[PDB]
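Here the structure comes first, spelled out in structure tokens, and everything after it is commentary.
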Amino acid sequence: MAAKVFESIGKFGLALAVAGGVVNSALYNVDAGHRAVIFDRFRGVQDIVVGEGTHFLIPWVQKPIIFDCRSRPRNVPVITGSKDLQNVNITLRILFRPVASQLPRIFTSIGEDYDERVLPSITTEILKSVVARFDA
Amino acid sequence: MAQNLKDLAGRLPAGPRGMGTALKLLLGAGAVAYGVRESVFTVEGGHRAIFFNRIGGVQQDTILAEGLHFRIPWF
């Protein structure tokens with residue numbers, strides 16, 4: 001009887017360990033001001049942002065995308081011609097933050113890294129246009 | 001290599017009459033499972049895929065979102 005009890009205890013312990021591992025693999029820390037998204041495969045990426053909270057998922061389909069809905073600066077240097085057409089090397093400082101609501105579209109459209117492609121783009125465009133318009 | 005496989009196949013015990021039927025059913029289930037897996041083109045987040053086909057070239061009227069959308073295997 002003792003051997004059967006020990007075997008059952010071992011089996012239950014192994015099952016509990018497996019369940020705990022599965023549960024652990026289904027969660028990701030959400031540092032305050034982090035709003036993840038679900039990147040699955042049977043749907044791709046869902047339409048619903050993960051708040052700044054611990055929200056569940058299933059394995060091998062989602063790779064925890066722990067976003068950061070906090071603010072960030074950037075410096076854009078632009079060698080712009082002005083109205084009088086000078087070589088104005090303008091480094092603009094820009095503060096920006098994302099929005100918690102529609103992060104899943106942000107991940108689908110671009111992915112995990114988003115700001116680099118756009119910041120120099122629009123900032124240089126607008127600096128060139130505006131300074132071009134305005135005398136040095 | 002083939003000789004080893006033949007020896008292994010021969011070494012399998014000649015179980016009861018129902019053992020063969022159970023093995024056949026399990027093999028069919030596994031075949032269906034893999035057909036299901038590779039019959040859904042594994043597209044990733046945000047993407048899409050209409051049927052790039054080898055029958056009828058590639059269709060035009062059928063449109064698919066990202067997710068539950070079945071491929072025909074290798075097709």
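Each chain in the structure tokens gets a letter, A, B and so on, in the order shown; residues start at 1 in every chain, and ligands are counted from 1 in the order they appear.
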Please identify every residue of chain A that has at least one atom no more than 6 Å from any atom of chain B, counting only C-alpha atoms, and report them as an mmCIF file with N, CA and C atoms, in the first residue's frame.
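Saved result, selection04.cif, follows:
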data_model
loop_
_atom_site.group_PDB
_atom_site.id
_atom_site.type_symbol
_atom_site.label_atom_id
_atom_site.label_comp_id
_atom_site.auth_asym_id
_atom_site.auth_seq_id
_atom_site.Cartn_x
_atom_site.Cartn_y
_atom_site.Cartn_z
ATOM 1 N N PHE A 39 -0.136 38.262 -30.343
ATOM 2 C CA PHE A 39 0.319 37.904 -31.685
ATOM 3 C C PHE A 39 0.173 36.393 -31.853
ATOM 4 N N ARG A 41 -1.562 33.018 -34.329
ATOM 5 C CA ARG A 41 -1.359 32.549 -35.696
ATOM 6 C C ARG A 41 -2.677 32.104 -36.321
ATOM 7 N N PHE A 42 -3.571 31.517 -35.517
ATOM 8 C CA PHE A 42 -4.916 31.190 -35.982
ATOM 9 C C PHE A 42 -5.764 32.428 -36.232
ATOM 10 N N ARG A 43 -5.327 33.591 -35.752
ATOM 11 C CA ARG A 43 -5.947 34.865 -36.076
ATOM 12 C C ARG A 43 -4.929 35.907 -36.509
ATOM 13 N N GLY A 44 -3.635 35.630 -36.370
ATOM 14 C CA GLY A 44 -2.624 36.629 -36.628
ATOM 15 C C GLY A 44 -2.372 37.464 -35.394
ATOM 16 N N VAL A 45 -2.992 38.635 -35.340
ATOM 17 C CA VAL A 45 -2.952 39.492 -34.166
ATOM 18 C C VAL A 45 -4.353 40.024 -33.930
ATOM 19 N N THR A 108 0.366 44.975 -35.712
ATOM 20 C CA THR A 108 0.145 44.369 -37.025
ATOM 21 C C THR A 108 0.777 45.205 -38.127
#
Could you tell me which of A:133, A:123, A:10, A:66 comes closest to residue 111 in chain A if we count only C-alpha atoms?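 For residue 111 in chain A, the nearest of the given residues is A:66.
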Residues flagged helix (DSSP H, G or I) by DSSP in chain B, as a PyMOL selection string: chain B and resi 2-11+17-38
Got a sec: who's within 8 Å of residue 124 in chain A, counting only C-alpha atoms, leaving out chain neighbours fewer than 4 positions off, as a ChimeraX atom specification? /A:76-78,120,128
Enumerate, as a PyMOL selection string, the complete set of residues in range 89-124 of chain A that a backbone-based DSSP assignment places in strand (DSSP E). chain A and resi 89-96
Output C-alpha atoms of each residue in that selection to a file, as a PDB file, in the first residue's frame.
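Final output, saved to result-v4.pdb:
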ATOM      1  CA  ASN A  89      21.323  71.972 -39.458  1.00  0.00           C
ATOM      2  CA  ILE A  90      18.248  71.901 -37.236  1.00  0.00           C
ATOM      3  CA  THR A  91      18.114  69.306 -34.474  1.00  0.00           C
ATOM      4  CA  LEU A  92      14.525  69.314 -33.235  1.00  0.00           C
ATOM      5  CA  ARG A  93      13.511  67.699 -29.946  1.00  0.00           C
ATOM      6  CA  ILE A  94      10.208  65.812 -30.052  1.00  0.00           C
ATOM      7  CA  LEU A  95       8.317  64.125 -27.205  1.00  0.00           C
ATOM      8  CA  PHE A  96       5.831  61.376 -28.036  1.00  0.00           C
TER       9      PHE A  96
END
Using only C-alpha atoms, which residues sit within 12 Å of residue 59 in chain B once same-chain residues fewer than 6 positions away are excluded, as number ranges by chain? B: 49-53
Enter the distance from CA of residue 127 in chain A to CA of residue 115 in chain A, in Å, rounded to one decimal.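 Calculated distance between CA of residue 127 in chain A and CA of residue 115 in chain A is 17.7 Å.
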Rounded to one decimal place, report the CA of residue 26 in chain B-CA of residue 12 in chain B distance in Å.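 About the pair CA of residue 26 in chain B and CA of residue 12 in chain B: they are 16.2 Å apart.
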Nearest to residue 37 in chain A by atom-to-atom distance, counting only C-alpha atoms, from A:84, A:112, A:7, A:135: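 Comparing A:84, A:112, A:7, A:135 against residue 37 in chain A, the winner is A:112.
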Please list as a ChimeraX atom specification every residue within 10 Å of residue 50 in chain A, counting only C-alpha atoms and excluding residues in the same chain fewer than 4 positions away. /A:30,34-38,46,54-56,65-67,100-104
Atom pair CA of residue 64 in chain A / CA of residue 28 in chain A: separation (Å): 6.2 Å
